[PDB]
Each structure stands twice: as structure tokens, then as C-alpha cells.
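Taking it in order: structure first as C-alpha cells, then the write-up.
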Amino acid sequence: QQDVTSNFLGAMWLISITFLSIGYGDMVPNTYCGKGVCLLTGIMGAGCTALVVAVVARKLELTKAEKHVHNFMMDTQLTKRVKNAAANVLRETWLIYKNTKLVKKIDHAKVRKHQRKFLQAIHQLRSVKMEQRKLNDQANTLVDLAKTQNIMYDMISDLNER
Amino acid sequence: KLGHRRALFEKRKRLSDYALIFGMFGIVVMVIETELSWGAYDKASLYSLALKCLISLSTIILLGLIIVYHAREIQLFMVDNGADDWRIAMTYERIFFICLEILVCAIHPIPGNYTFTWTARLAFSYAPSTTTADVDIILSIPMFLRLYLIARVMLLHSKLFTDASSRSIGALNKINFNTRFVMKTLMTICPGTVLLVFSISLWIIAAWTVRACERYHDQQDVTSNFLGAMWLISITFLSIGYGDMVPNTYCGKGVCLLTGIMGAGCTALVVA
Amino acid sequence: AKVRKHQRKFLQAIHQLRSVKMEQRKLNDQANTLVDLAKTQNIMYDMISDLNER
Amino acid sequence: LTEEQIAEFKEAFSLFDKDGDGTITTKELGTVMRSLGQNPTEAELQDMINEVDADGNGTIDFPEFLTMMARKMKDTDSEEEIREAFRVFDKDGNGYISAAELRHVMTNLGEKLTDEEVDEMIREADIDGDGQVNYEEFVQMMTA
Amino acid sequence: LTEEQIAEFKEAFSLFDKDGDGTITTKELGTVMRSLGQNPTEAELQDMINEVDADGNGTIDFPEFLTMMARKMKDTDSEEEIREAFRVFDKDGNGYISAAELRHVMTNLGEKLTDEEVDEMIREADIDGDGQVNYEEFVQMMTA
Amino acid sequence: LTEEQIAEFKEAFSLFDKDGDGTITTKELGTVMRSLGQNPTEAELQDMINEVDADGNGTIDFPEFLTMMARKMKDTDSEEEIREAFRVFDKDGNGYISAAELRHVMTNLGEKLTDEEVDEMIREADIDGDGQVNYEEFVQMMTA
Ligand SMILES: Cc1ccn(-c2nc(NC3CCC(F)(F)CC3)cc(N3CCOCC3)n2)n1
Ligand SMILES: [Ca+2]
Ligand SMILES: [Ca+2]
Ligand SMILES: [Ca+2]
Ligand SMILES: [Ca+2]
Ligand SMILES: [Ca+2]
Ligand SMILES: [Ca+2]
Ligand SMILES: [K+]
Ligand SMILES: [K+]
């Protein structure tokens, strides 16, 4: 006699919150029927939520045809970056030599700054080349391995005639 | 043949940004006005009129920009797919989507002064309450739907999908460069940043919405506190459950339901 | 009006024809992964072993 | 064409054309396609390199590259898809279709037409009147 | 090196030297490499064993194995990355780089230099005054 | 018997015969199976194409297809599992079962039968005193 759990919207809210395992708030069943229904809804939700999560996680994957284009898109890059990183090393290895063996007066600050930039350029060049190996490794282990197997089997069967 | 083309992509790119600016201006103004109206000045003062005429004007220019961006898209369709009359490109889906966009972008608090009656039952005590609310709160909240323009601008400004060689290679393989492809690529390359940004952006918006909704039936400063609502949203997101703070109105309950539904998948994705 | 209506229907038919030929390759891609790859390996190994004694 | 669009497709010709020489051969195409996980056969590679080459030299060049990268980039060729729709029902492998099968498929498979309409289609389809439709000149005369 | 380091070096040498012989051959190296999941070919194995072989024998001994193990453990050997940076733009598999290409890459790829500086670099780098600029020199000269 | 069933049967027949020759050979039967992921061998394919054929032609006929399809769609022919139950104990591969083995398996395996029942058997099962009781006739006499 308080219009709390006998309200359709209140019951809807209670079922929704118990389905998601959040828990009750100020609304709890007064009878055993409501408790049994809540138990059934919770048991069903404990598997329904996991199944829905798995489905929505699988729906966000790229297909093989899209992968074959994304690989080309990524390989179009990772080469401009490599060239840009490799040119800086060649620039600094010349700047240091110029400033240390060409000028009449040796300015130490410029030499120190260029020697500091040289290590950064070297580290960037070394870092940019790991992505290429990672991309190659992940682009591998994707071949069918069956069409070539059948082709080789047919060739060996033909060669069996000697 | 690159003469008429490359003269419409730039136009669309500019129109998207000019629409985004006026879209965010109205949101900033509504937040400022709704925060200031609760004590600084009454609804009958001239400040409310001055701060709402600006929102109306911004909405007018936003609609004007949209109804031209769509025409530019139609012209691009005519250029690409060989056609002479523009009625070839007008189907049911296009008209329905244009009408939906106009309806979504044509909501704002109209200047004036109107009130209605609001009743609710207090939680944990079962005591009725009755206050005279304002009509502007009903129309102010749906203005957050203008956030798809950010996604549109980000899609149009991407440096990956805009490459011509990639488009040609993808057309050789017969694939579509729609929004789903971009979303899947972003999830493939940077899966954590997207989740972090989405969660952080949702947190403050949901907290502010709950605070704005539950301030008419709260004379104890429990759920009408920004730090008292952010905590509630955080504990509801993680499925721990409510403590001594439960919504007194249906708006808070709906917001909590949406936050819980989003979290039930966000947590699993982050864990993976 | 008939020409415009039929051109719209032609575009719709083209776009619905191009969509149905992607499932025909998704099915093949997902079905080609069920090969045992061991029986054929053993058969080829036996054949090469027999060919060794030329 | 914008100079940026010329530096593009050139940054790609550099990818396809390894070891310089300004030429793309079957081996280079096979290597770059296998680097992506694909495993084309010899016939497929030969067909791919034949669909682009126009010199008859057997090698692809940048002018032979820009004439296809500027067409597959945009638009939607209807003449490349009407032929596919025609050859869906041509399982033999030749370039001919029998009139009886054409009439049957037009009058029994999807949005069926009337007898008079299909009869008119056949009468303006069989120019030679020999009972064997080519469906190639039938595309050239109609689409163009 | 201390005695303990020699002990770990001998222990590690024992893994490659499986059946004895006091020597590591190509077969032993291939077996130990493939036991870890790697799949090197014959050319790669020969290159690996050549990078360490000293007395033109084809087999690796402990005196020639102790070396390079105290060098690939500390420092960075910048003379090993400068050559890689040069080889980045040397796709022909040779030991020379074109002067015009070198000027172009130094001018229009990353932290662009001035015309006078690159001109001075080209003039100083060309000892023989020829278009085929060597890069083993200019790395064995400046990095003294 | 209805026209609809004939329609689905013809549609299914169209799958196997890739060409329009109206024939199913060892090539199509096996190309389809490898398209479905199966990996049959030559002997298995030969047996499958053999045990549907009627007019000793090697190629499979549409009436031959219908005869097998109209029977392999309903009911469970007991004469197909009785022979399998006989083959369970026929490890050698011939068509004969020794009387002693049959008596032993009937007396010791399953629910077991008394000595009198198995004595009535054999003497009734075997139509001769050879001792090499055939199981192919004890299906066409007892269960027919
Ligand atoms: C991911 C990737 C990279 C290249 N791909 C590709 N290239 C093709 N043609 C090339 C165009 C440049 C050329 F002319 F220099 C050589 C021949 C053709 C082709 N395909 C496969 C899809 O449907 C059949 C044709 N794919 N796909
Ligand atoms: Ca080449
Ligand atoms: Ca050519
Ligand atoms: Ca040894
Ligand atoms: Ca040695
Ligand atoms: Ca056939
Ligand atoms: Ca037959
Ligand atoms: K809980
Ligand atoms: K959980």
C-alpha cells in the first residue's frame, strides 16, 4: 500500500537493475514470488550479458579483404617516416664534423647540441624499424596453405610417372 | 576530371567546420545560462532574453549551413554517378535522413517564460513532493545530440582515407570506405585511446545531466552536488551498486541505466 | 519520369547485386580453414620417399 | 591533376617497382602481393599484369599506371558491371548466350517481363538472326 | 674480463657446440637456431657464420667467439648505424650513391638544409670528383 | 513426385555439374568437396562416384541422381545397419565369418543367448558344413 513495487515502471526498473547485476536500491521484493523472479532474471542475465559482449567484440573485426587493403595502407606509410628519420642522422653526422674540424674557432655549445641531437636521431631511426618487422610478422601466418599444398600434390603425382 | 572535383571537397570541409563552431557555441551558452539562472537572476530578467536570442540565431545559421552542405553532397553525387537531373539522387532514405538531421538540430529553449507542475516520490522515505518547474529544462537537455558533427569533421579530416592511391587500391578490391571501416581501423590501431576518451567524455556529461535533473526535488545537497553525482556515476559504471544515493526522478534513473549498459561492455573491452 | 524512375531502379539493382557477391567469398574464406593438412602431407611424404629410390 | 596527386601514385610506383629500373615485372608484383599475405598463382599474376599493359612490352610503366589509377579512383563504370551480369549466366566460358535461355531467364527469374517485351528484346538483340546472341555488341549498342 | 664472465661465455659456447669438435659448424648453428622456432635459410646461416669467422676456416672457435661478445654488449657503435642510414637510400645493392640523388634527399627530406651547405658537402664528399659517390668512405673518414 | 521436389532436385544437380555437359565426373565431385572444405582422396572419390552409377558409364545421370535422392531422404533401411553390424566383427575384409567366432560373440557379448539358441543358429545360419558362414545371405534370407 505505497505504490513502490506495484508500479509497472518501478518493476521495470527493478528488473533492469537486477539483470545487469548492479543490485537493488530501495526496492526489494516483499514476497517470495518477486524474489524467485529476480533470481531467475539474474541467472539469465549472468550469461546473456557475456554472450552479448562476445558478439559485439567479434563484430568489430576486419575481414580478409579489408585486411589486405589495410596492410597496403600501413605499408604506404612507415617509409616516409623511415626516410625522414634516416636523413637526420646523415645531417647531424656532417654538422658535427663541420663544427669540429672546419671553423677556425671551436664553439663548444653547438657541438654539444649536435651531439645531443645525433643520439635522438639514432634512437628514432632504430625505433621506427620495429614496426616494419611487426607488420610483416602479423601479415604472415595468414596464407591459406591449402591451395599450394594441392598444387604441389598434383605436380608430384604427375612426376610419379617418371 | 579533377576540374569540377577537388572544388567540392574543400567546400564540404569548410562547411563542416563552420557548422561545428555554431553547434558548440549553443552548447556553451546553454550550460552558462542554466548554471547562472539558479540564483543569480530570475527567469523574467533581460539577461535570459539576451542569452537566448543568441542561441536562436546560432540555430538559424546552423540550419542554413546544413541545407547547403547537403546540396553540395548532391552535386558531388551527380558529378560522380553519371546523371543530368538532380531528382535521380533523391530517394526515401536520403529525405528521411535529412529530415531527421533537421529535426535533431532544430531544438533549443525558445525565449519566454513558461512553467508546469512536477511531482515525484522521494527515495528511501516514500514521501511525495511537488514543485513548479520550468519548461526550458525539457528542451535544453536534447541539445547534446549535436555531437555527431565532431565525428563528421574527424572523418572528413582524416589523412588515411583521403589518400587517392589507397582509394584506388580499395576500389580494385571492391570495398566500401564507409564509417564502419574507419571505426574498425581506429579500433585496430589505437584501441585504448578511443575507450579512454569515450569514458572520460561520458563521465562529465552524465554527471552534469544528473545534477541538472535532480535539483528541484533535493533540499539536502546529496544528488544535486557535482562531486555527489560524479561518484554515483562512477560506482554505477563499475556495477558495484548504489549506496545511500539513488535517483529521486526518472531522469536520473534513465541516465544510470544508460551508464550501466555502456559500462557493461566498456569494462570487458578494456580488460581484453 | 519513366526514364528517371528506371535509372533509379537500375542503380538500386546494381548496388544490390554488388552486395550479394561478398558473402559468396566470405563463406569460401571461412570454409577454406577446415583442411586437415596432415593426410596430404603424409601422402606427399610417402610419394617423395618412393621417388627417392629412382 | 594536382602535383600532389602526381607525387601520389609515384610514392606507390616506388613501392611496386623495386630495385629501380623503372619497370614492374611479374616477379616484383608477386613479391609485393605475397608480402601482404596474398598467394596469387602464375595465371592470376599474368592476367593482372595483362589487364594494365598496353604497350605489349610485358612491363608496366608510370604512364600505364596513371591511366588506370585516375579511373579506378572514382566513378562507377556501368559497362564493367552489365558485362558481369551477362556472364553470370554464361558458365561455358565463351562469349555467346543462347536465345532460348536468355528468354527463359528474362521471363522467369525476377521481376518477370511479358512475352511481347522479351520477344522485342530478342528481335532487337539477335542482329544476325542465327539464334546465338553475343551480348557484347548488345552492350556496345545499348550502353553507349 | 673477469673469470666469471669467461665462465658464462664458455657455458654459452657449450650450447652451440653440441657434439664437440671444439668447433661450431653450419649444421650445429642451424640446429640450435631451429630449436628456438626460427627458420633460417642456407644463405642467412652462411652470412651469420661469415660475420664471425676470422681465419677463413668456416668454423668458429672459442678464441674467435670470445671477441664480438664483449662488443655487442655495451655502447652503440654509431659507425654501424650510419652505414644503415646510407643503405636506406641505396636500393640497388651496391656501394655507391648518386650525387644528384644525395643532394635531393638532403634538400627535400627532413630538417632541410640550405643550398650552400649541401653544395659544400657534395664538393667535399666527392674525393674523385665523380657522380658515383662512395659511402664506405665519408664514414671511414669523418668518423675517425 | 510433385513438381516442386523435381525443381529442388534439378537445382541441386546444377551445383555439382559446373559445366553444361549434364555430367558429374570425378573432377566436379571433389572440386565441390574441396570447396566445402572436405579433402577426399582418389579411392574415396572413386567409391562415391561408383556407388550411385547405373548404366556403367562413369558419368552420373540425372535419373541416377533421382533414384538415390528419393530413397536417402526418408526411412531407415535396416538392411544397411545389419550388414554394418556384421562388418563390425569382420576385420579381415572378406565376406565370410567363422562359426566359432560368431558363436563366441553371440554367447559372450551383449545380452547373451543360451547354448540352445546358438545351437539352433549356425546349424540354421550355415547352409553348409564348410564352417565359413556367410553373412551376406543371412540378410537376404532371414530379413527378407
Ligand atoms: C592489396 C593490393 C595491392 C595491389 N593489389 C591489386 N593490384 C592489382 N593490379 C595491379 C595494379 C598496379 C599494377 F598495374 F602495376 C600491377 C597490377 C589487381 C588486384 N586485384 C585483386 C582484387 O581483384 C582482382 C585484381 N589487386 N591489391
Ligand atoms: Ca623493377
Ligand atoms: Ca608497357
Ligand atoms: Ca662441432
Ligand atoms: Ca674461424
Ligand atoms: Ca560435367
Ligand atoms: Ca550414369
Ligand atoms: K553488484
Ligand atoms: K563480471
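So you can find residues: chains in the C-alpha cells are A, B, ... in the order shown, residues in each start at 1, and ligands are numbered from 1 in order.
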
Tell me as a PyMOL selection string which residues belonging to chain D come within 10 Å of chain F, counting only C-alpha atoms. chain D and resi 90-93

Got a sec to pull out which chain A residues are within 8 Å of chain B, counting only C-alpha atoms, and send them as a PyMOL selection string? chain A and resi 2+16-17+20-26+49+53+57+60-62+65-66+69-70+72-73

Residue hits in chain C, query chain F, radius 8 Å, only C-alpha atoms, as a list in words: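 Every residue meeting the condition is included here: residues 28, 31, 32, 33, 34, 35 and 36 of chain C.
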
Output the contact residues of chain A with respect to chain F at a cut-off of 12 Å, based on only C-alpha atoms, as a PyMOL selection string. chain A and resi 144+146-147+149-150+153-154+157

Save out the residues we just selected, N, CA, C and O atoms, as a PDB file, in the first residue's frame.
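The resulting again09.pdb:
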ATOM      1  N   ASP A 144      46.685 -19.332 -46.946  1.00  0.00           N
ATOM      2  CA  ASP A 144      45.752 -20.451 -46.866  1.00  0.00           C
ATOM      3  C   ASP A 144      46.465 -21.760 -46.541  1.00  0.00           C
ATOM      4  O   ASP A 144      45.958 -22.568 -45.752  1.00  0.00           O
ATOM      5  N   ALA A 146      46.626 -24.298 -48.272  1.00  0.00           N
ATOM      6  CA  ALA A 146      45.922 -25.431 -48.862  1.00  0.00           C
ATOM      7  C   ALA A 146      45.991 -25.451 -50.382  1.00  0.00           C
ATOM      8  O   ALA A 146      46.176 -26.518 -50.974  1.00  0.00           O
ATOM      9  N   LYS A 147      45.844 -24.292 -51.031  1.00  0.00           N
ATOM     10  CA  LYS A 147      45.913 -24.241 -52.488  1.00  0.00           C
ATOM     11  C   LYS A 147      47.292 -24.659 -52.986  1.00  0.00           C
ATOM     12  O   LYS A 147      47.415 -25.462 -53.919  1.00  0.00           O
ATOM     13  N   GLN A 149      49.380 -26.495 -51.309  1.00  0.00           N
ATOM     14  CA  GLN A 149      49.517 -27.910 -50.978  1.00  0.00           C
ATOM     15  C   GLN A 149      48.919 -28.787 -52.072  1.00  0.00           C
ATOM     16  O   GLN A 149      49.539 -29.762 -52.511  1.00  0.00           O
ATOM     17  N   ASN A 150      47.715 -28.442 -52.535  1.00  0.00           N
ATOM     18  CA  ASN A 150      47.084 -29.218 -53.600  1.00  0.00           C
ATOM     19  C   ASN A 150      47.858 -29.104 -54.909  1.00  0.00           C
ATOM     20  O   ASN A 150      47.993 -30.091 -55.642  1.00  0.00           O
ATOM     21  N   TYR A 153      50.863 -31.286 -54.585  1.00  0.00           N
ATOM     22  CA  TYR A 153      50.446 -32.682 -54.641  1.00  0.00           C
ATOM     23  C   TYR A 153      50.183 -33.116 -56.077  1.00  0.00           C
ATOM     24  O   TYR A 153      50.601 -34.203 -56.491  1.00  0.00           O
ATOM     25  N   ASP A 154      49.501 -32.272 -56.855  1.00  0.00           N
ATOM     26  CA  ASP A 154      49.246 -32.598 -58.255  1.00  0.00           C
ATOM     27  C   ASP A 154      50.546 -32.690 -59.048  1.00  0.00           C
ATOM     28  O   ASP A 154      50.709 -33.587 -59.885  1.00  0.00           O
ATOM     29  N   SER A 157      52.255 -35.908 -58.145  1.00  0.00           N
ATOM     30  CA  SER A 157      51.524 -37.022 -58.741  1.00  0.00           C
ATOM     31  C   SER A 157      51.841 -37.152 -60.225  1.00  0.00           C
ATOM     32  O   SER A 157      51.999 -38.266 -60.740  1.00  0.00           O
TER      33      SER A 157
END

Do a neighbour search on range 57-59 of chain E at 9 Å with only C-alpha atoms, toss out local chain neighbours closer than 2 positions, and write the hits as a list in words. residues 23, 24, 25, 26, 46, 49, 50, 53, 54, 55 and 61 of chain E

Could you list, as a PDB file with C-alpha atoms, in the first residue's frame, every residue within 9 Å of range 79-88 of chain E, counting only C-alpha atoms and ignoring same-chain residues fewer than 3 positions away?
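Now in part_3.pdb:
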ATOM      1  CA  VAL A  82      61.945   5.892 -42.213  1.00  0.00           C
ATOM      2  CA  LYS A  83      63.438   8.212 -44.840  1.00  0.00           C
ATOM      3  CA  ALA A  85      64.497   9.611 -39.670  1.00  0.00           C
ATOM      4  CA  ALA A  86      67.438   8.374 -41.756  1.00  0.00           C
ATOM      5  CA  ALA A  87      68.146  11.789 -43.293  1.00  0.00           C
ATOM      6  CA  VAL A  89      71.398  11.092 -38.942  1.00  0.00           C
ATOM      7  CA  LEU A  90      73.238  11.984 -42.152  1.00  0.00           C
ATOM      8  CA  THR A  93      76.994  13.410 -38.747  1.00  0.00           C
ATOM      9  CA  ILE A 122      69.744   7.343 -33.978  1.00  0.00           C
ATOM     10  CA  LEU A 125      65.697   5.546 -36.606  1.00  0.00           C
ATOM     11  CA  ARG A 126      66.101   2.360 -34.565  1.00  0.00           C
TER      12      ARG A 126
ATOM     13  CA  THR E  76      76.068   1.762 -29.601  1.00  0.00           C
ATOM     14  CA  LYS E  91      68.259   0.145 -53.043  1.00  0.00           C
ATOM     15  CA  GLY E  93      72.513  -3.419 -53.696  1.00  0.00           C
ATOM     16  CA  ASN E  94      75.807  -1.637 -54.382  1.00  0.00           C
ATOM     17  CA  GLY E  95      78.387   0.583 -52.700  1.00  0.00           C
ATOM     18  CA  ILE E  97      75.151   6.659 -54.279  1.00  0.00           C
ATOM     19  CA  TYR E 135      79.603   5.865 -48.761  1.00  0.00           C
ATOM     20  CA  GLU E 136      82.091   3.488 -47.133  1.00  0.00           C
ATOM     21  CA  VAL E 139      82.028   7.192 -42.997  1.00  0.00           C
ATOM     22  CA  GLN E 140      85.570   5.890 -42.575  1.00  0.00           C
ATOM     23  CA  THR E 143      84.039   9.108 -38.135  1.00  0.00           C
TER      24      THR E 143
END

Identify all chain D residues at most 12 Å from chain B by counting only C-alpha atoms; ligands do not count. Present them as a list in words.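 Interface list for chain D against chain B: residues 1, 2, 3, 4, 5, 6, 7, 8, 9, 10, 11, 12, 13, 15, 48, 65, 66, 67, 68, 69, 70, 71, 72, 73, 74, 75, 76, 77 and 78 of chain D.
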
Using only C-alpha atoms, I'd like every residue of chain C that has an atom within 8 Å of chain B; please write them out as JSON, numbers by chain. {"C": [4, 5, 7, 8]}

Atoms kept (C-alpha atoms) for selection, written as a short mmCIF file (atom, residue, chain, number, x, y, z; two decimals), in the first residue's frame:
data_model
loop_
_atom_site.label_atom_id
_atom_site.label_comp_id
_atom_site.auth_asym_id
_atom_site.auth_seq_id
_atom_site.Cartn_x
_atom_site.Cartn_y
_atom_site.Cartn_z
CA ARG C 4 14.39 8.72 -64.13
CA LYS C 5 12.47 6.02 -62.26
CA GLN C 7 17.58 4.81 -63.76
CA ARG C 8 16.98 4.89 -60.00
#

Please extract the residues of chain D with a backbone DSSP assignment of alpha helix (DSSP H) and present them as number ranges by chain. D: 3-7, 10-16, 26-34, 42-50, 62-69, 79-88, 99-108, 115-123, 137-143

Name the residues of chain D that come out as strand (DSSP E) in a backbone DSSP run; write them as a PDB file with N, CA and C atoms, in the first residue's frame.
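Result file out.pdb:
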ATOM      1  N   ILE D  97      25.586 -16.421 -75.778  1.00  0.00           N
ATOM      2  CA  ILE D  97      24.460 -16.859 -74.963  1.00  0.00           C
ATOM      3  C   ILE D  97      23.319 -17.256 -75.891  1.00  0.00           C
ATOM      4  N   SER D  98      22.699 -18.399 -75.605  1.00  0.00           N
ATOM      5  CA  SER D  98      21.607 -18.886 -76.436  1.00  0.00           C
ATOM      6  C   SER D  98      20.353 -18.045 -76.226  1.00  0.00           C
ATOM      7  N   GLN D 132      22.124 -17.195 -81.853  1.00  0.00           N
ATOM      8  CA  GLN D 132      23.217 -17.149 -80.887  1.00  0.00           C
ATOM      9  C   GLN D 132      23.546 -15.689 -80.608  1.00  0.00           C
ATOM     10  N   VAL D 133      23.213 -15.225 -79.407  1.00  0.00           N
ATOM     11  CA  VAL D 133      23.441 -13.835 -79.028  1.00  0.00           C
ATOM     12  C   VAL D 133      24.871 -13.672 -78.534  1.00  0.00           C
TER      13      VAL D 133
END

Excluding range 111-118 of chain A and residues on its chain fewer than 6 positions from it, collect all residues at most 7 Å away from it, counting only C-alpha atoms, and give them as a VMD selection string. chain A and resid 89 92 96 99 to 100

Include N, CA and C atoms and write out the residues we just selected as a short mmCIF file (atom, residue, chain, number, x, y, z; two decimals), in the first residue's frame.
data_model
loop_
_atom_site.label_atom_id
_atom_site.label_comp_id
_atom_site.auth_asym_id
_atom_site.auth_seq_id
_atom_site.Cartn_x
_atom_site.Cartn_y
_atom_site.Cartn_z
N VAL A 89 70.11 11.64 -39.35
CA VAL A 89 71.40 11.09 -38.94
C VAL A 89 72.50 11.57 -39.87
N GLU A 92 73.24 15.34 -39.14
CA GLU A 92 74.00 15.63 -37.93
C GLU A 92 75.42 15.09 -38.00
N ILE A 96 78.31 17.88 -37.15
CA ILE A 96 79.30 17.74 -36.08
C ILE A 96 80.71 17.83 -36.65
N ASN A 99 81.47 21.54 -37.62
CA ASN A 99 81.69 22.40 -36.47
C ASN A 99 82.91 22.00 -35.64
N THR A 100 83.42 20.77 -35.79
CA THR A 100 84.58 20.35 -35.02
C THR A 100 85.89 20.37 -35.80
#

Tell me which protein, DNA and RNA residues are within 12 Å of residue 117 in chain D, counting only C-alpha atoms, leaving out same-chain ones fewer than 6 positions away, and put them as number ranges by chain. D: 103, 106-107, 123-125

Show me, as a ChimeraX atom specification, every residue of chain C with an atom at most 9 Å from chain A, counting only C-alpha atoms. /C:26,29,32-33,35,37,40-41,43-44,47-48,50-51

Name the closest residue to ligand 3 among the candidates D:101, D:130, D:64, D:28; distances are taken between atoms, counting only C-alpha atoms and all ligand atoms. D:64

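The coordinates place CA of residue 197 in chain B at 25.4 Å from CA of residue 224 in chain B.
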
Enter the distance from CA of residue 122 in chain F to CA of residue 108 in chain F, in Å, rounded to one decimal.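 Taking CA of residue 122 in chain F as the start and CA of residue 108 in chain F as the end point, the length is 15.8 Å.
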
Rank A:40, A:74, A:8, A:67 by their smallest atom-to-atom distance to residue 142 in chain A, using only C-alpha atoms, and report the top residue only.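 For residue 142 in chain A, the nearest of the given residues is A:67.
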
Show which residues sit within 7 Å of residue 134 in chain B, as a ChimeraX atom specification. Count only C-alpha atoms, and ignore same-chain residues fewer than 4 positions away. /B:114-116

Keeping N, CA and C atoms, export the residues of the selection given above as an mmCIF file, in the first residue's frame.
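Saved result, selection.cif, follows:
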data_model
loop_
_atom_site.group_PDB
_atom_site.id
_atom_site.type_symbol
_atom_site.label_atom_id
_atom_site.label_comp_id
_atom_site.auth_asym_id
_atom_site.auth_seq_id
_atom_site.Cartn_x
_atom_site.Cartn_y
_atom_site.Cartn_z
ATOM 1 N N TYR B 114 7.586 30.045 -19.257
ATOM 2 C CA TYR B 114 6.524 29.065 -19.088
ATOM 3 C C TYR B 114 6.902 28.089 -17.982
ATOM 4 N N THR B 115 5.888 27.590 -17.278
ATOM 5 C CA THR B 115 6.089 26.692 -16.150
ATOM 6 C C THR B 115 5.058 25.572 -16.199
ATOM 7 N N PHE B 116 5.361 24.484 -15.490
ATOM 8 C CA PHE B 116 4.462 23.344 -15.375
ATOM 9 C C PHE B 116 4.588 22.762 -13.972
#

Do you have the CA of residue 17 in chain C-CA of residue 109 in chain D distance handy?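 The value is 14.1 Å.
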